[PDB]
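Below is one structure, written out as structure tokens; the observations come after it.
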Amino acid sequence: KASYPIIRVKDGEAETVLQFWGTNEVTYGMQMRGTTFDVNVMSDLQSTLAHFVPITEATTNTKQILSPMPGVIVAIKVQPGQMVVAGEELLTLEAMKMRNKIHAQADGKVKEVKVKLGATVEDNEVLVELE
Amino acid sequence: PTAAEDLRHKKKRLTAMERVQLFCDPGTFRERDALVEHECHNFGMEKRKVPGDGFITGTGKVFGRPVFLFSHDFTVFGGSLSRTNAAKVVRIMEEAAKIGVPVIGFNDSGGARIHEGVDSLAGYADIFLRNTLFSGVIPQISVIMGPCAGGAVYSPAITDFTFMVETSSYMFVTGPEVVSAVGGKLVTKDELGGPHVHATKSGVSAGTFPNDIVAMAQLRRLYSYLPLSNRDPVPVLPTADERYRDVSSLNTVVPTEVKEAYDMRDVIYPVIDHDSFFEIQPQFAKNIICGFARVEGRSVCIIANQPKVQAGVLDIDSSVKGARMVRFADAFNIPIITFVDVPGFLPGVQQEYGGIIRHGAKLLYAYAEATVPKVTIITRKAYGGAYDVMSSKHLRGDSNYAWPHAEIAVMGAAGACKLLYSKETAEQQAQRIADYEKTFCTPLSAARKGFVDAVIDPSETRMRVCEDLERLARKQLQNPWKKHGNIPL
Amino acid sequence: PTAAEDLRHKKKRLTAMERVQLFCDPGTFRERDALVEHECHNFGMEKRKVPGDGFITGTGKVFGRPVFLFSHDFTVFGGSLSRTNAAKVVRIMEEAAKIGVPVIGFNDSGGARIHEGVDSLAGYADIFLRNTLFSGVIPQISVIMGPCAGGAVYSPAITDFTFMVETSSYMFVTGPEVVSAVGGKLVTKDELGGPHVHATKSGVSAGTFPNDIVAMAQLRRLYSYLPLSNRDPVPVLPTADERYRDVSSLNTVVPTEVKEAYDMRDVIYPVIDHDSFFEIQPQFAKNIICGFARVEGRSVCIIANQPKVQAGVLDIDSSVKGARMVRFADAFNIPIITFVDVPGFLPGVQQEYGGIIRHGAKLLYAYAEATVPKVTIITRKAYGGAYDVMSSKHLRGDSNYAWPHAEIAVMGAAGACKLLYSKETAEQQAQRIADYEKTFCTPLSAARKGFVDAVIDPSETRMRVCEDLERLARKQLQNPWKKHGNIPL
Ligand SMILES: O=CCCCC[C@@H]1SC[C@@H]2NC(=O)N[C@@H]21
Ligand SMILES: O=CCCCC[C@@H]1SC[C@@H]2NC(=O)N[C@@H]21
């Protein structure tokens, strides 16, 4: 069914079930045996032209993380100078009656000095420094 | 045979003809004019005539529906315009004005052609006038694949949507040489007018793509949404999705605490059909979301706040973004669906020093002037003038709905308690703010006054939206006679 | 009998009724509604009913021509709006929509009335919708005599012109208490939204007056210019001045050096009739002048650059100012006269970081969309896209004129010489820049192409303008059918 997950396919006797995650019209996100892949489905022109396309490399920066917006820090989660893993919440600012929660996108460890509780300073300061 | 394009591809770049071939259907492009020369006769230009004269204009066909397009050529004279280049574009736009067909242009010009004198200015003026006259008649989309400098930048600006390519494109009015000459600062071309700058800082570019191939692939998808002309109806496509699909996950999206945040996409995605959202300006003014989507196989317009970013507070940039989206959607008879969650306007001196009064009025003007069917859903809160601006029932709204835990009040409980009791006995906070929030920060009063049609379970939103949007298919409303409005610029 | 107004005058302030009496004719005001109560029945408001309910609405008559007006009252409840106050204003605006009459309002409200709940929001929404619908049908003028805070600020914004009183008026969206609460900065009310701030920084206020008496006296003079409605013709008044008055002082205004500055008012004043200029926004974006004036007894619109300030360079603020003026002038069929002297656009990073591309397109859109008769005079220079924007002949201009020492070129001589000779032998400056400026920085080439009708002596400008404006009295031009445009916001 269009835009749905389950996809039942049966060649001869063999039967398989795959899943359809999403796409950007050149790359298809399909699941095979409980694993995500990205298959490219392109015609003759797109195939012959995709060779002549720049492939830039994104910035790989392991450095201090700053608070996007002003606020107040009410709760902290991580400890100064210990291990940090991707997807871990680090602290929570509260602004105009709203608690956000900036986390650690991706890294192994940190070296820094924690901003103490109730420090209504923010203004894009260095709350946690990753080194 | 791959002649004369090896020099181009060696620089990791594509050609105009290749871009045109990628955009349209496999074999449905008919180039209109191909043997035209510049006839300049100045500054040693009497030689080196070119057959195509740096432009490729044709008709093409996308998804079985007609289109018109033109593409600049960087190899020939740097893509400069002339008295002769602009004639082809003018002819294409005039033909696409007679017939109800849109126009899409891939800009690559390096600037004006100096060897023609003021004829380049003449051509620019003609193109500007055609864009001005035909805006609101046929949709216009522009993509910038390479450099775009000088006064040629203005014609993409008048167009409805402008997209940018990441690595090898930029746009600005004046070059960095003049900036160094007058101010004395050394800034590179990318640092001045790169795609990121216009994606985040200036708000001109409506999107950014990583490659030309992806740009074409998604431009086709965007084109699948648009109506063909001003008088043609909104397209409807077949779809296996149905209004009876169960959405009970909406009962739990809103947290029971009033100070916790949530993602509005968790409310947007269930209501619309699967994998049918095309966000517009995703990296600019993130506190508001705008884009296109389909509901039961017909394209609609989506405008919702987001408490994830800055508590979902209206601002200057958000106001401009929403105003432009609403104006375009209404110009071509596209239904509008809005989700409301706003505590007010962003407070700060910089805001008044930047003219919040002008900018915030644009969204209100766009919402009030609109005559397309509107549907509004109030999830959690709506305070002060923000409630009025975000498509309130009094602005000729068709149907308005609220969720059982909503709040519609003049302002927060603290300010109301302060103003209602000047020098009342101390500790008044505890036994007054709670009571006022209990009694008047609830949708019961607004429902008593008649400002919301009904209070609904969050699981019935898809059913209600499909029913209302099906019933409202044939509304005919007209404004008083005017030559045109006077919007607060 | 001077009862109950002694308390008001003691604070060096006037009353609403006194302001109304000062505005209209001596005995031609007929108050419409005077015995109306709030019928609230909440928070101990069942008592202290007021007969007028804080508003004075009537009809009046100015210079023998009808008008409609309303005035807030600060003594009664602080001027707060309600479900009942807004009804009178809605009735007045609806009546002034049926009949071709304008509306003028003197705002003094302290904010919304909390004791009514969401009914104040309902009234605000109704007033906003009426302003949105009737903008471009009848002219709307607003004057702010006292405090104006909260969401009530938006209705003056949609109105065509907003004026301010110096000592005792201010306007902003959010009070300084909230600013202190969130940001922590202590700013006074005047430092936040005083008349100077909106006169110079935000660009919202169209003027400032020293006293209420002077405000009324000059508001009458402004009203003498406007047409009564959308369909009524431009007013023409008797005048002893004649087109045959000698103006030979224009031969010497332009200095013979290209780097010396002059005042454009020395060119503006001789052409128009004596003592008939009403500048709009005099203290904001001084590099451009906009206002109203009379030519042979009929009101026209004036838009001219000024090389006195910043070399007469177009900018963001100037673009917004000119765009709003042109849009208003065209909406009501008022002729436009422009004087051109521009070297280009202002170069700087802040400009691109602030969106020059969006703002500079607004003036071009306003000039191209307009259908009223246009007259353009190029005094000294016009370069690049600035020449295109400032009402060039290709944008359906009626008549264009130039002065004998004008210059119309693609860009300055230095840049052209640089681009036309990449690595040409050194010292090329002396024998190339002079030659290029001599050969192509002159109106002869632009006249050969046909972009200026004729090259005239500066002493004939009044004669030519009067002749053309008399002949063009009955032009009928129409744009293609649209629900409305899509201007770059
Ligand atoms: O209570 C003090 C600060 C409350 C601010 C509440 C939000 S912040 C922005 C917006 N403006 C308001 O007046 N309220 C909201
Ligand atoms: O020659 C170097 C600086 C020339 C600037 C000339 C004026 S300044 C602003 C405007 N932008 C231009 O490109 N030219 C004018």
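Going down the list, the sequences are from chains A, B and C. The working numbering runs 9 ahead of the 1-based position in the first sequence. The working numbering runs 271 ahead of the 1-based position in the second sequence. The working numbering runs 271 ahead of the 1-based position in the third sequence. Here a beta-carbon is modelled for each residue, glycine too, at the ideal position from N, C-alpha and C.
Check	Outcome
Host alpha helix (DSSP H) of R598(B) (start-end)	587 to 602
Members of the segment 309 to 329 of chain C near chain B, C-beta cut-off 7 Å	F314
8 Å Cβ cut-off: residues of chain B touching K746(C)	Under the 8 Å cutoff, chain B gives no residues; its nearest Cβ is about 14 Å from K746(C).
Alpha-carbon spacing of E462(C) relative to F443(C), whole angstroms	11 Å
Cβ contact check for the segment 365 to 374 of chain B and the segment 337 to 355 of chain B: 3 or more pairs under 8 Å	yes
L400(B) classed as buried or exposed, judged by whether at least 16 other C-beta atoms fall within 10 angstroms	buried
DSSP three-state assignment for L102(A), whether helix, strand or coil	strand
Contact list for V485(B) against chain A, beta-carbon separation under 8 Å	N33, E34, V35
Extent of the continuous beta strand (DSSP E) to which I649(C) belongs	645 to 654
Sequence-distant residues of the same chain with beta carbon closer than 7 Å to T346(B), five excluded per side	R279
Three-state secondary structure (DSSP) of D728(C)	coil
C-alpha distance - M92(A) paired with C561(B), whole-angstrom precision	39 Å
Neighbour flag for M105(A) against chain B, beta carbons, 8 Å	yes
Cross-chain neighbours of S12(A) in chain B, by beta carbon under 9 Å	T510, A511, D512, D544, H545, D546, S547
Close-in-space but distant-in-sequence residues of the same chain around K110(A) (CB under 7 Å, 5 per side omitted)	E98, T101
Terminal residues of the alpha helix (DSSP H) in which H60(A) lies	It is not in any alpha helix (DSSP H) - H60(A) carries neither H nor E in the DSSP assignment.
Within 8 Å, strictly: CB atoms of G335(B) and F300(B)	no
Among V524(C), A488(C), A680(C), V507(C), the one whose alpha carbon lies nearest that of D296(C)	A488(C)
Bridge-paired residues (DSSP) for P418(B)	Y441(B)
Min CB distance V62(A) to chain B below 8 Å	yes
Ligand 1 heavy atom lying under 7 Å from the CB of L617(B)	yes
Chain-ordered chain A contacts of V584(B) [CB-CB under 9 Å]	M105
Length of the line joining the Cα atoms of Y425(C) and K633(B)	10 Å
Among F603(B), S451(B), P418(B), nearest to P506(B) - alpha-carbon criterion	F603(B)
Chain B within 8 Å of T65(A), Cβ atoms only	yes
Beta-carbon proximity of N558(B) to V524(B), cut-off 8 Å	no
Within-8 Å CB hit, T403(C) to chain B	yes
Of the residues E276(B), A600(B), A594(B), the one placed nearest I409(B), counting alpha carbons only	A600(B)
Contact set for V538(C): own chain, Cβ-Cβ below 7 Å, skip 5 residues either direction	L521, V524, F610, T650
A685(C) beta carbon near ligand 2 (any heavy atom closer than 7 Å)	yes
Minimum Cβ-Cβ distance from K557(C) to chain B less than 8 Å	no
Supposed contact pair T433(B) and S476(B) - C-beta distance, whole angstroms, cut 8 Å	6 Å
Chain A contact for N482(B) (CB, 8 Å cutoff)	yes
Inter-residue spacing [alpha-carbon to alpha-carbon] between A486(B) and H467(B)	16 Å
Residues near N402(C) in its chain [Cβ-Cβ closer than 6 Å; skip 5 each side]	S426, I429
Proximity below 8 Å, CB of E678(B) to CB of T713(B)	yes
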